[PDB]
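*Asks:* Got a structure for you, questions after.
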Amino acid sequence: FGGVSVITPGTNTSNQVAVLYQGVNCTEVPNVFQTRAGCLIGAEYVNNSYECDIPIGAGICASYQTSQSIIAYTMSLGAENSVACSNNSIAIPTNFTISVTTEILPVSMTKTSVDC
Amino acid sequence: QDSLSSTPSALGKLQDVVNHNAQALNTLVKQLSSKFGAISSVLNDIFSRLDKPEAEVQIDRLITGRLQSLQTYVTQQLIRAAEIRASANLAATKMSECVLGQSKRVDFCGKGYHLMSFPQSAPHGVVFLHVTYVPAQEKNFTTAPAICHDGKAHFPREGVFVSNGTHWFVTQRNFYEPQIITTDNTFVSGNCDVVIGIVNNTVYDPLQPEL
Amino acid sequence: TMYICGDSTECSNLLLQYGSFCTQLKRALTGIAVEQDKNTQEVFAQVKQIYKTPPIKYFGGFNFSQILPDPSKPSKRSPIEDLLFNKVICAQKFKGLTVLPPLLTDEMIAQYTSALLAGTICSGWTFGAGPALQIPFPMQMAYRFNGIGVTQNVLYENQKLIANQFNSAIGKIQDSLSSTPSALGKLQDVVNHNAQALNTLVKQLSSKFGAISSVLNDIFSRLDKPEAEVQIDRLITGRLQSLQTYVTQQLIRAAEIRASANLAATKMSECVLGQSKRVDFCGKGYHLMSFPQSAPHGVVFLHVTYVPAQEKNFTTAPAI
Ligand SMILES: *[C@@H]1O[C@H](CO)[C@@H](O)[C@H](O)[C@H]1NC(C)=O
Ligand SMILES: *[C@@H]1O[C@H](CO)[C@@H](O)[C@H](O)[C@H]1NC(C)=O
Ligand SMILES: *[C@@H]1O[C@H](CO)[C@@H](O)[C@H](O)[C@H]1NC(C)=O
Ligand SMILES: *[C@@H]1O[C@H](CO)[C@@H](O)[C@H](O)[C@H]1NC(C)=O
Ligand SMILES: *[C@@H]1O[C@H](CO)[C@@H](O)[C@H](O)[C@H]1NC(C)=O
Ligand SMILES: *[C@@H]1O[C@H](CO)[C@@H](O)[C@H](O)[C@H]1NC(C)=O
Ligand SMILES: *[C@@H]1O[C@H](CO)[C@@H](O)[C@H](O)[C@H]1NC(C)=O
Ligand SMILES: *[C@@H]1O[C@H](CO)[C@@H](O)[C@H](O)[C@H]1NC(C)=O
Ligand SMILES: *[C@@H]1O[C@H](CO)[C@@H](O)[C@H](O)[C@H]1NC(C)=O
Ligand SMILES: *[C@@H]1O[C@H](CO)[C@@H](O)[C@H](O)[C@H]1NC(C)=O
C-alpha cells in the first residue's frame, strides 16, 4: 500500500499528468522510473540538469518541457564555477553597478470575531 | 515596476495570508452540516421528532461536535498569529536598520553592499526596495604584504599594495585606483627580516624634493 | 481513515459523519512537510555558484584538512563531518503512519558546504557580496585583524605563532566532540521527541476510550447494530482526537524548528560570509572568521575568535 499523487502543470497550459506511487515498487503497482520516493509513471527520466520545478524527493524534480511532455531529472544545485586561489596575487574591481532588489513581508492578518 | 508586473508570484506571501484565513472560515461553516452521530444536523428536527429524554442526547452530540470545531479554529488562528507576529517583528527591525540607517549586516538589507532602502505600502504587509553596490570587472594584480625600504618594513594605512606588472602602487580594496607609495600613505613597523613575502621598492618622501 | 478504521467498512462509512477533520489533518501535516525543505533551503543554498575545493589544504601555515572533504572516504566528508554523522519503521508504517524523503540528499548538502568553504578560504567574503575575488590567505587574515582593532603588522610578525595556535585549536575540536557524547544532544533531542510522538500515536490504538473492545471487528461480531454503534463511536472519537493532538504538537514543534533554521541562516550570512561586530553572536571573543560543517538534521559552525591574554598595568592620562 501507499499514497498516490498526481504531478501536473497548470491546466491553463496542459492537461498532461504523471502519477507517483509513494513508497511503492514499480512491479507492485500493476515511462516507468524508480526513485527513492516511490515509482513514477508517465514522466520521462533524462540525464540533463535543470532548476527544480515540481519537487518529488531525493534530489528528483519534474517539469513540463518541450513535442511537449513531462520529464524527470536530478535537480541542479547551482552554476558550476571555480575560484582562483593563488598566494601572490589579488583581484581588484575596476568598475561597479547599482542594483535594486525587492523584499516582501506580511505584517498583519484579517481580524475576525465569532458568536459562539 | 516591470518585475512585479511580469512575476505575479512575487506577492504570493501576502496572498497566502488572505487565502489561509479565507479557508479557515469556510471550513468552519461547512462543519455545521455534520451530524456527529445525531439523527439530523438540524436542531429543530431533533426536537420536533423526538421526545425530551432522547432529543437532548442527540442535541448533546451536535453541541459537542460544534464546540470542538470552534476550538480547532481558534487554536489554528493562535498558531498563525504567532507566525505573523514574527514577520512583523522582522519588518519593524528592517525598517529601523535598513531605512532609518545603513546596515553592515551581510545580506540583511539585500545582496551586495547596502547603501539605502525605501519602504512601500502593500495589502496586509510592507515592501522594501533595497539599493546596493555591486563590484564589477575585476583584474589580476601582483601583491605583497609589505614594502622594504631603508631596512624598514612599510605597511599600507588603508589599502593594498599592487603591481600592475613592474611598478608598485597602493590602492583601495573595493575599487582600483593606483597611487604612488609615499610616507603619508604607509606606516613603519619592524625590519625587513620578519615579513614573509616582503619586496624591495623605494618609498617616496614628499619633503626631500623641496629641501 | 486507515489509522482510525483500518479495513472495517462499517467504521469507514460512519467516519464520514464527523465532518472534514481528516482533510484538515492532512492540510496541517502537508504544510509542515513542505516547510521542512524550505528551512534547509534557506540555510545552505545561499550561493548560486558552486565552487570546487582547492588542490591544497595548507595555506601559509594554516591547516584546513579537518574541515575540507577527505577524498579517502567513500562519502567524501571531512574528518569533523564524519564524526558528527557517526554520533547522530514497519511497526508505524503498518498503522498508516509513513515518512517522506527530503528533497536535498546528504550529498547535495555536502556540495553546498564545500562551495562555502572553498569561497571562504580562497576569496574571503567577496564571494558573498559579489564576484569571488582571490586573495592570499595571510592577507585575508590581516584584514580580519584590522576589523577587530588590531594593527595588521601584529599578524605578519607573528604568522608562525598564529598559524600554530589555529592548527592546534582545530585539532582539539574533533577530540572534544569525540569524547563528549552529549555534544550533539541538541540534534539528538529533536529526533527523540518526534520518535516518541509517533510511538504514542500508535499505542493509543490499543485504548478503548470507554468502549467494550479496542478492536472494531471484535464489536460488530458480538453486538447488535445499535449497541455496536455506541462502542464504535467511542473508538472513532478517541482515535480522531488522538490524531488532532498529534498534529497540534507537530505544528508547535515546527514553529520552534523554523526559528532555529532562521537563526542558522542568519549566522551563515553574518559569520561565514562576512565578519561580525555583534558581541557573542559568532562565538565569545573578537570574531575573525567561521567555517560551516554538515550534520544530521542541522548545521554546525566552527567559530574562530581572537582572545586577549597576559595584561599588564600601566599609568595613563587623557591628554598630554
Ligand atoms: C492563461 O494563459 C494565457 C495565455 O494563453 C494568459 O494570458 C493568462 O493570464 C493565463 N491565466 C492564468 C490563470 O495563468
Ligand atoms: C523494487 O523491486 C526490484 C525487483 O525485485 C528490487 O531489485 C528493488 O530493490 C525494489 N526496490 C524497492 C524499494 O523495493
Ligand atoms: C544516463 O547515463 C547512464 C550511463 O552513465 C545510462 O546508463 C542511463 O541509461 C542514462 N539515462 C538516461 C535517461 O539517459
Ligand atoms: C563602467 O561600466 C559602465 C557601464 O555601466 C561604462 O559606461 C563605463 O565606461 C565603465 N567604466 C570603466 C572604467 O570600465
Ligand atoms: C584572473 O586569474 C584567474 C586565475 O588564473 C583567471 O581565471 C581569471 O580569468 C583572471 N582574470 C583576469 C581579468 O585576468
Ligand atoms: C604600469 O604603470 C606605469 C606607470 O608609470 C606605466 O608606465 C606602465 O606602462 C603600466 N604598465 C601597464 C602594463 O599598463
Ligand atoms: C607561493 O607559492 C609558491 C608555490 O606555488 C611558492 O614557491 C612560493 O614560495 C609561495 N610564496 C610565499 C610568499 O610563500
Ligand atoms: C632587498 O635588498 C636586500 C639587500 O639590502 C637583498 O638582500 C634582498 O634579497 C632584496 N629583496 C628583494 C625582494 O629583492
Ligand atoms: C595537516 O594536518 C594533518 C593532520 O590532521 C597532517 O596529517 C598533515 O600532514 C598536515 N598538513 C601539512 C602540510 O603538514
Ligand atoms: C593590576 O592592578 C590591580 C589592582 O589595581 C591588580 O588587582 C591586578 O592583578 C594587576 N594586574 C597586573 C597584570 O599586574
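Every chain in the C-alpha cells has a letter given in the order shown (A, B, ...), and although residue numbers restart at 1 in each chain, ligands are simply numbered from 1 in the order shown.
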Pull the closest atom pair for each residue of chain C that gets at most 9 Å from ligand 9, along with the distance in Å to one decimal, counting only C-alpha atoms and all ligand atoms, ordering rows by chain and then ascending residue number, as CSV.
*Replies:*
residue,atom,partner,partner_atom_place_in_ligand_line,distance
C:56,CA,ligand 9,13 (C),8.6
C:57,CA,ligand 9,11 (N),7.1
C:58,CA,ligand 9,13 (C),5.3
C:59,CA,ligand 9,13 (C),8.5
C:61,CA,ligand 9,13 (C),7.6
C:62,CA,ligand 9,1 (C),8.3
C:63,CA,ligand 9,1 (C),4.9
C:64,CA,ligand 9,1 (C),6.8
C:65,CA,ligand 9,1 (C),5.4
C:66,CA,ligand 9,5 (O),6.0
C:79,CA,ligand 9,5 (O),8.6
C:167,CA,ligand 9,2 (O),7.8
C:170,CA,ligand 9,5 (O),8.9
C:171,CA,ligand 9,5 (O),6.8
*Asks:* For ligand 10, collect every residue having any atom at a distance of at most 6 Å from a ligand atom (counting only C-alpha atoms and all ligand atoms); output as a list in words.
*Replies:*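 My answer, listing the contacting residues, is residues 311, 312 and 313 of chain C.
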*Asks:* Just C-alpha atoms for this one: save the residues we selected as a PDB file, in the first residue's frame.
*Replies:*
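Result file is selection_5.pdb:
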ATOM      1  CA  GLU C 311      47.598  42.052  30.505  1.00  0.00           C
ATOM      2  CA  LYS C 312      49.906  44.497  32.284  1.00  0.00           C
ATOM      3  CA  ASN C 313      49.201  47.584  34.456  1.00  0.00           C
TER       4      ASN C 313
END
*Asks:* Counting only C-alpha atoms, which residues from chain A have an atom at most 12 Å from any atom of chain C, and could you show them as a ChimeraX atom specification?
*Replies:* /A:1-3,22-23,35-38,51-61,74-93,96-97,99
*Asks:* Find the spatial neighbours of stretch 290-296 of chain C, counting only C-alpha atoms, within a cut-off of 10 Å - ignore same-chain residues fewer than 5 positions away - and output them as a PyMOL selection string.
*Replies:* chain C and resi 44+67-68+77-78+80-88+106+109-114+116-117+120-121+184+187-188+191+267-268+270-276+282-283+301-305
*Asks:* Which residues sit within 10 Å of ligand 6, counting only C-alpha atoms and all ligand atoms, listed as JSON, numbers by chain?
*Replies:* {"B": [163, 164, 165, 166, 167, 168, 169, 178, 179, 180]}
*Asks:* Please find the residues contacting ligand 4 at a distance of at most 9 Å between atoms, with only C-alpha atoms and all ligand atoms counted, and report them as JSON, numbers by chain.
*Replies:* {"A": [94, 95, 96, 97, 98], "B": [136, 137]}
*Asks:* Would you list the contacts of stretch 144-155 of chain B as an MDAnalysis selection string, taking every protein, DNA or RNA residue within 12 Å and counting only C-alpha atoms, but skipping same-chain residues closer than 4 positions in sequence?
*Replies:* (chainID A and resid 87:90) or (chainID B and resid 159:163 168:170 181:205) or (chainID C and resid 135:143 151:157 159)
*Asks:* Compute the set of chain B residues within 6 Å of chain A, using only C-alpha atoms, and express it as a PyMOL selection string.
*Replies:* chain B and resi 14+88+124-143+175-176
*Asks:* Excluding residue A:70 and any residue of its chain fewer than 5 positions from it, enumerate the residues within 8 Å of it, using only C-alpha atoms, and give them as a VMD selection string.
*Replies:* chain A and resid 16 to 18 42 to 44 62 to 65
*Asks:* Please, which residues of chain A, numbered as in this document, come out strand (DSSP E) from DSSP, as a PDB file with C-alpha atoms, in the first residue's frame?
*Replies:*
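Written output follows (out33.pdb):
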ATOM      1  CA  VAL A   4      -0.956   8.225  -4.796  1.00  0.00           C
ATOM      2  CA  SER A   5      -0.019  11.693  -6.014  1.00  0.00           C
ATOM      3  CA  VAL A   6      -0.660  13.425  -9.327  1.00  0.00           C
ATOM      4  CA  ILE A   7       2.032  15.625 -10.860  1.00  0.00           C
ATOM      5  CA  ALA A  18       2.235  11.860 -14.253  1.00  0.00           C
ATOM      6  CA  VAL A  19       1.453   9.606 -11.304  1.00  0.00           C
ATOM      7  CA  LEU A  20       3.674   8.864  -8.328  1.00  0.00           C
ATOM      8  CA  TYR A  21       3.072   5.797  -6.177  1.00  0.00           C
ATOM      9  CA  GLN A  22       4.672   6.689  -2.866  1.00  0.00           C
ATOM     10  CA  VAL A  32       8.472   3.959 -15.725  1.00  0.00           C
ATOM     11  CA  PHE A  33      11.146   5.313 -13.377  1.00  0.00           C
ATOM     12  CA  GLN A  34      12.014   4.021  -9.902  1.00  0.00           C
ATOM     13  CA  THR A  35      13.078   6.602  -7.305  1.00  0.00           C
ATOM     14  CA  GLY A  38       8.327   5.563  -4.968  1.00  0.00           C
ATOM     15  CA  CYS A  39       7.504   4.628  -8.572  1.00  0.00           C
ATOM     16  CA  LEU A  40       6.967   7.479 -11.036  1.00  0.00           C
ATOM     17  CA  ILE A  41       4.916   6.604 -14.104  1.00  0.00           C
ATOM     18  CA  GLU A  44      10.336  10.584 -18.934  1.00  0.00           C
ATOM     19  CA  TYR A  45      13.599  10.499 -16.998  1.00  0.00           C
ATOM     20  CA  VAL A  46      16.515  12.342 -18.591  1.00  0.00           C
ATOM     21  CA  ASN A  47      20.239  12.730 -17.768  1.00  0.00           C
ATOM     22  CA  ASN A  48      20.095  16.556 -18.041  1.00  0.00           C
ATOM     23  CA  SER A  49      20.109  19.019 -15.145  1.00  0.00           C
ATOM     24  CA  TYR A  50      17.796  21.964 -14.538  1.00  0.00           C
ATOM     25  CA  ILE A  54       7.875  20.414  -9.155  1.00  0.00           C
ATOM     26  CA  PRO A  55       9.862  18.575  -6.427  1.00  0.00           C
ATOM     27  CA  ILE A  56       9.404  14.853  -5.845  1.00  0.00           C
ATOM     28  CA  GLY A  57      12.147  13.977  -3.374  1.00  0.00           C
ATOM     29  CA  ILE A  60      14.473  14.380  -8.173  1.00  0.00           C
ATOM     30  CA  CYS A  61      12.183  17.073  -9.646  1.00  0.00           C
ATOM     31  CA  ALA A  62       9.680  17.025 -12.520  1.00  0.00           C
ATOM     32  CA  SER A  63       8.901  19.658 -15.151  1.00  0.00           C
ATOM     33  CA  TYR A  64       6.822  20.273 -18.279  1.00  0.00           C
ATOM     34  CA  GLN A  65       9.267  20.731 -21.160  1.00  0.00           C
ATOM     35  CA  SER A  69       5.954  16.153 -22.254  1.00  0.00           C
ATOM     36  CA  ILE A  70       6.555  15.734 -18.530  1.00  0.00           C
ATOM     37  CA  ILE A  71      10.132  14.834 -17.635  1.00  0.00           C
ATOM     38  CA  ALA A  72      12.056  13.874 -14.509  1.00  0.00           C
ATOM     39  CA  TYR A  73      15.639  14.788 -13.639  1.00  0.00           C
ATOM     40  CA  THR A  74      18.163  15.320 -10.866  1.00  0.00           C
ATOM     41  CA  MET A  75      17.966  18.939  -9.733  1.00  0.00           C
ATOM     42  CA  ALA A  79      26.017  27.057 -11.587  1.00  0.00           C
ATOM     43  CA  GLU A  80      29.325  25.172 -11.686  1.00  0.00           C
ATOM     44  CA  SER A  89      48.020  37.797  -6.494  1.00  0.00           C
ATOM     45  CA  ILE A  90      44.847  39.710  -5.705  1.00  0.00           C
ATOM     46  CA  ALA A  91      41.742  40.508  -7.751  1.00  0.00           C
ATOM     47  CA  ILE A  92      40.507  44.110  -7.642  1.00  0.00           C
ATOM     48  CA  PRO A  93      37.273  45.510  -9.250  1.00  0.00           C
ATOM     49  CA  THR A  94      37.752  48.335 -11.752  1.00  0.00           C
ATOM     50  CA  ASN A  95      34.005  49.106 -12.178  1.00  0.00           C
ATOM     51  CA  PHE A  96      30.675  48.746 -10.326  1.00  0.00           C
ATOM     52  CA  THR A  97      26.914  48.675 -10.759  1.00  0.00           C
ATOM     53  CA  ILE A  98      23.919  49.789  -8.717  1.00  0.00           C
ATOM     54  CA  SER A  99      21.178  47.231  -8.161  1.00  0.00           C
ATOM     55  CA  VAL A 100      17.726  47.415  -6.634  1.00  0.00           C
ATOM     56  CA  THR A 101      16.029  44.366  -5.160  1.00  0.00           C
ATOM     57  CA  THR A 102      12.661  43.835  -3.510  1.00  0.00           C
ATOM     58  CA  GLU A 103      11.697  42.159  -0.261  1.00  0.00           C
ATOM     59  CA  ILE A 104       8.116  41.432   0.749  1.00  0.00           C
ATOM     60  CA  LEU A 105       6.921  40.762   4.303  1.00  0.00           C
ATOM     61  CA  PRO A 106       3.466  40.110   5.862  1.00  0.00           C
TER      62      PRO A 106
END
*Asks:* Residues near residue C:243, anyone? I mean within 8 Å using only C-alpha atoms, not counting same-chain ones fewer than 4 positions away, as a PyMOL selection string.
*Replies:* chain C and resi 25+201+239+247
*Asks:* Show me which bits of chain B are within 6 Å of chain C, counting only C-alpha atoms, as a PDB file with C-alpha atoms, in the first residue's frame.
*Replies:*
ATOM      1  CA  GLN B  31     -18.765  21.711   9.647  1.00  0.00           C
ATOM      2  CA  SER B  34     -22.031  17.338  10.058  1.00  0.00           C
ATOM      3  CA  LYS B  35     -24.227  15.046  12.201  1.00  0.00           C
ATOM      4  CA  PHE B  36     -21.661  13.681  14.699  1.00  0.00           C
ATOM      5  CA  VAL B 106      25.620  40.830   5.336  1.00  0.00           C
ATOM      6  CA  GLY B 112      25.818  43.347  -2.046  1.00  0.00           C
ATOM      7  CA  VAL B 194      60.435  39.020   9.789  1.00  0.00           C
ATOM      8  CA  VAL B 195      57.895  39.730   6.995  1.00  0.00           C
TER       9      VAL B 195
END
*Asks:* Around ligand 1, at most 8 Å away and counting only C-alpha atoms and all ligand atoms, which residues are there? Put them as a VMD selection string, please.
*Replies:* chain A and resid 10 12 to 13
*Asks:* Rounded to one decimal place, report the atom CA of residue C:147-atom CA of residue B:98 distance in Å.
*Replies:*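 Distance between the two atoms: 22.0 Å.
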*Asks:* Name the residues in contact with residue B:47 at a cut-off of 9 Å, using only C-alpha atoms, excluding same-chain residues fewer than 5 positions from it; report them as a PyMOL selection string.
*Replies:* chain B and resi 52+54-56+59
*Asks:* Write the residues of the selection above to a file with N, CA, C and O atoms, as an mmCIF file, in the first residue's frame.
*Replies:*
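What landed in part14.cif:
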data_model
loop_
_atom_site.group_PDB
_atom_site.id
_atom_site.type_symbol
_atom_site.label_atom_id
_atom_site.label_comp_id
_atom_site.auth_asym_id
_atom_site.auth_seq_id
_atom_site.Cartn_x
_atom_site.Cartn_y
_atom_site.Cartn_z
ATOM 1 N N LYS B 52 -38.279 14.643 24.716
ATOM 2 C CA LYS B 52 -37.244 15.274 25.528
ATOM 3 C C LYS B 52 -36.040 14.384 25.896
ATOM 4 O O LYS B 52 -34.911 14.752 25.564
ATOM 5 N N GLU B 54 -34.697 11.824 24.766
ATOM 6 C CA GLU B 54 -33.889 11.335 23.654
ATOM 7 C C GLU B 54 -33.364 12.497 22.823
ATOM 8 O O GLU B 54 -32.233 12.471 22.332
ATOM 9 N N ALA B 55 -34.200 13.515 22.654
ATOM 10 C CA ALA B 55 -33.840 14.661 21.841
ATOM 11 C C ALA B 55 -32.622 15.354 22.426
ATOM 12 O O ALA B 55 -31.709 15.728 21.695
ATOM 13 N N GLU B 56 -32.577 15.477 23.750
ATOM 14 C CA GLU B 56 -31.457 16.155 24.393
ATOM 15 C C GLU B 56 -30.141 15.432 24.144
ATOM 16 O O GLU B 56 -29.100 16.069 23.995
ATOM 17 N N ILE B 59 -28.938 16.221 20.692
ATOM 18 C CA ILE B 59 -28.532 17.621 20.680
ATOM 19 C C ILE B 59 -27.148 17.716 21.313
ATOM 20 O O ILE B 59 -26.279 18.427 20.808
#
*Asks:* Using Å and a single decimal, report how far atom CA of residue C:231 sits from atom CA of residue C:211.
*Replies:*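 Atom CA of residue C:231 lies 4.7 Å from atom CA of residue C:211.
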*Asks:* Looking only at helix (DSSP H, G or I) from DSSP on the backbone, list the matching residues of stretch 52-244 of chain C as a ChimeraX atom specification.
*Replies:* /C:79-87,90-93,106-123,126-129,137-146,153-156,159-178,181-206,217-220,225-244
*Asks:* To one decimal in Å, tell me the separation between atom CA of residue B:72 and atom CA of residue C:215.
*Replies:*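 Interatomic distance here is 27.8 Å.
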